[PDB]
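Only one chain comes next, encoded as C-alpha cells, the form deposited in one PDB entry.
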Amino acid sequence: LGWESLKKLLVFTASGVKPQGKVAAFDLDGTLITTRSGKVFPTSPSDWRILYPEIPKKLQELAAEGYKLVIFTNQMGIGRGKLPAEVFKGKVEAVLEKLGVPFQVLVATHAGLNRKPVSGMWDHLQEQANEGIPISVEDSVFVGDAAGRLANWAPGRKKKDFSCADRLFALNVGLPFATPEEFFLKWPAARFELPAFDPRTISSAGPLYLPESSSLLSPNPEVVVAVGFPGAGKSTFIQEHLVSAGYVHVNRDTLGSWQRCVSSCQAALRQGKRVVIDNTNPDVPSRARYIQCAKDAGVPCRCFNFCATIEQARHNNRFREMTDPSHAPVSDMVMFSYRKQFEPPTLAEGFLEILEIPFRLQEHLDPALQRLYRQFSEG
C-alpha cells in the first residue's frame, strides 16, 4: 500500500518520499490533472490527463531543489459514498506514475477540519506525517486552481473560479500561493477576490449591546426573548451574561420544541424567576406567545435582537460543527428559511424594550480553537 486510512483522512506516501523542511504542495483536480474528455467532471475514474506538459519537469526540478512534493485534495464524494476509496486510490496511483516523481498525498474524505480551506491536512502533515522535521511555511508553496479568480481574468478564460478554497487554504496556513498558470506557465498574477466575509476581521471592539443607555439585566422578573439566525451566538451570549446573573435559560436546542419553551417559561415565571427564551424567533407569531406569557404573569417582556449576519452565522455554524460533536449540523436551507421568515422585532409587538446585540468577537479560551475560529472555512 503505502496508504493509511485515518480519521476522515487518507494518506499515501510513495516510495522515495523524504521528509523535508520545505514543501511544494498542490491541489489535484484542475491543478495537476484535468479531464481527458474535456467535461467539467470526469466521466469515470480513467478520465484524466496531466494538465500542462510543463508539469512533470517542474516537479522534477522542485524535488531536486529539496521540496517534499505533496498533494492536498478534497474528495468528499468518498465520505458521501459516491466514490469508493479504493477506486480513488487507484486513480491517484495512476496519476503519480505518470507524473514520475515521489509524492505524499492527503485526501480529505469528509466535511470539517480536513476539508480545504480549513488547515487540518496541513496540520497533519506538520505534526504527524513528516517524521518530526519542522516545515518552514515561508519557504513552502501551495498551488491550486480554486483561487477566487474573477470572470474574464485572462484571454481564453471567461469563467470565474468556482471556488476560492485553494487560495484560502494557503492564506489560513500562511503559505505562499500560486495558481497553476502562474506557477507552471509563469503567467502574471490573475485578478481574484476573497469571500466578502473575512473571519480575520471580526472585532472584539465596541459596545456589548445597544443602546448603551439601557441595562442588559433586570433586577426583577421579566421575560427576555432572543432573536437571531442559528449560529448567531444566542446560547453562548445568554450563558455568559444572563445565566451568570441568575436568569433561567429556556433553550429550544435542549427542550426539543417551542411548546416546551412556552411551558418552561410559564413555570419559571410562576416561580418568580427571570427568564430568557433562547430560540430563533424570526417571526411575529413566535415572539407573540412569550409576550403573552409575560402579560399573563404581569411582568415586562424584552427582546434581545442578535445582529449576526447570515455569513457570520454560517461561519459560526461550521466552526461549531468542527468543535462541538454533540450538536447537529445546520444546512443552508435552514438558514435561508430563517432569512425568508425574518421580521424585524418592533415595539408594536408589545416589548417593553428591544436591545440590539452586535456580533462582538469573544475569543475562544483554547488557543487552538481560537486559531481555528479565525480560518476561512468555506471556499
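Numbering starts at 1 and follows the sequence shown. Throughout, rigid core stands for the largest set of C-alpha atoms superposing within 1.5 Å between the two forms.
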Study note, to complete from the structure: Of 106-114 vs 255-263, the stretch with the larger average CA B-factor in the entry is 255-263
Practice item. Compare the mean C-alpha B-factor of 153-161 with that of 226-234 as given in the PDB entry, and name the stretch with the higher value. Key: 153-161
Check your understanding: Out of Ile50, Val330, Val70, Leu347, which shows the largest CA B-factor listed in the entry?
Key -> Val330
Review point. Checking the entry, which one of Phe319, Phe342, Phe26, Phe41 has the top C-alpha B factor?
Key: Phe41
Revision key, fill the gap. So, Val87's CA B-factor, relative to its chain, sits in which third? The highest
Exercise for review: Select lowest, middle or highest to describe the third in which the CA B-factor of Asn172 falls within its chain in this entry.
Suggested key: lowest
Check your understanding: Among the chain's modelled residues, which third holds the C-alpha B-factor of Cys293?
Key -> highest
Exercise for review: Tell me, lowest, middle or highest third: where does the Cα B factor of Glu127 rank within its chain?
Suggested key: highest
Check your understanding: Which third, lowest, middle or highest, does the CA B-factor of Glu240 fall in along this chain?
Key -> highest
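We do not show the form deposited in another entry, though everything after this point is about it.
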Check your understanding: Relative to the superposed core, which single residue of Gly174, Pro207, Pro134, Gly81 shows a CA shift of 2 Å or more between the shown form and the other one?
Key -> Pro207
Exercise for review: Please check if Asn281 moves between the shown form and the other one, taking a CA shift of 2 Å or more relative to the superposed core as movement.
Suggested key: yes
Review point. Comparing between the shown form and the other one on the rigid core, is the C-alpha shift at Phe342 2 Å or larger?
Key: yes
Check your understanding: Is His124 one of the residues whose C-alpha moves 2 Å or more between the shown form and the other one after the core fit?
Key -> no
